[PDB]
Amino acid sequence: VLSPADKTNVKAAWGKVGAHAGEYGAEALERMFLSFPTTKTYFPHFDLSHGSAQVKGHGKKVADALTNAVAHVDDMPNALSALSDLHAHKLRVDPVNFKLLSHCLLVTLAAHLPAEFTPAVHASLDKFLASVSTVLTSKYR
């Protein structure tokens, strides 16, 4: 569970992300596609070339939803409900893949936010993404 400190740490860090979120979302995805190729099996209808526009457009989407969850940090399971139904009933992505993505977002944030990515923050960010992944996965069966 997130602590008052975690929430504060996540709001601070995501705040600094600001209006680069989309861009960082896309980079997170590209990192994911190259480091863990098995994750490409969920996007066969996508163009995965570098700079591709589906990846960018999708990165934004992922980022908007993370931004939404930070905005509703005390009511996440309700704020993310729709996305949870969608992932459990239509997309059906295996849960291990959520960790892979979460790892790549961290790497992405770390590479662009040297001063805010302290040890305490990394930690809170990591608990945060795990809670998001748990909600999106909560209705799988």
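The term rigid core refers to the most C-alpha atoms you can superpose between the two forms while keeping them within 1.5 Å. In case it trips you up, residue 1 is the first one in the sequence shown, and so on.
J.: Quick check: by Cα RMS after rigid core superposition, does 55-63 or 88-96 differ more from this form in 5 other deposited structures of this protein?
T.: Once the core is superposed, the stretch further away in 5 other deposited structures of this protein is 88-96.
J.: So which moves more in 5 other deposited structures of this protein by CA, 132-140 or 4-12, given a superposition on the core?
T.: Farther from the shown form on average in 5 other deposited structures of this protein: 132-140.
J.: Would you mind comparing 46-54 and 93-101 for me and telling me which has the higher average C-alpha temperature factor in the entry?
T.: Per the deposited B-factors, the answer is 46-54.
J.: Using only the Cα atoms and their B-factors as the entry lists them, report which of 106-114 and 25-33 averages higher.
T.: On average, C-alpha B-factors are higher across 106-114.
J.: Ranking the modelled residues of this chain by C-alpha B-factor as given in the entry, is residue 3 in the lowest, middle or highest third?
T.: It belongs to the highest third of the chain when residues are ordered by C-alpha B-factor.
J.: Report the third (lowest, middle or highest) to which the CA temperature factor of residue 132 belongs, ranking only the modelled residues of the same chain.
T.: CA B-factor rank for residue 132: lowest third.
J.: Once the chain's modelled residues are ordered by C-alpha B factor and cut into thirds, is residue 121 in the lowest, middle or highest one?
T.: Lowest third - that is where residue 121 ends up once the chain's C-alpha B-factors are sorted.
J.: Residue 84: which third of its chain by C-alpha temperature factor?
T.: As the PDB entry reports it, the C-alpha B-factor of residue 84 lands in the highest third of its chain.
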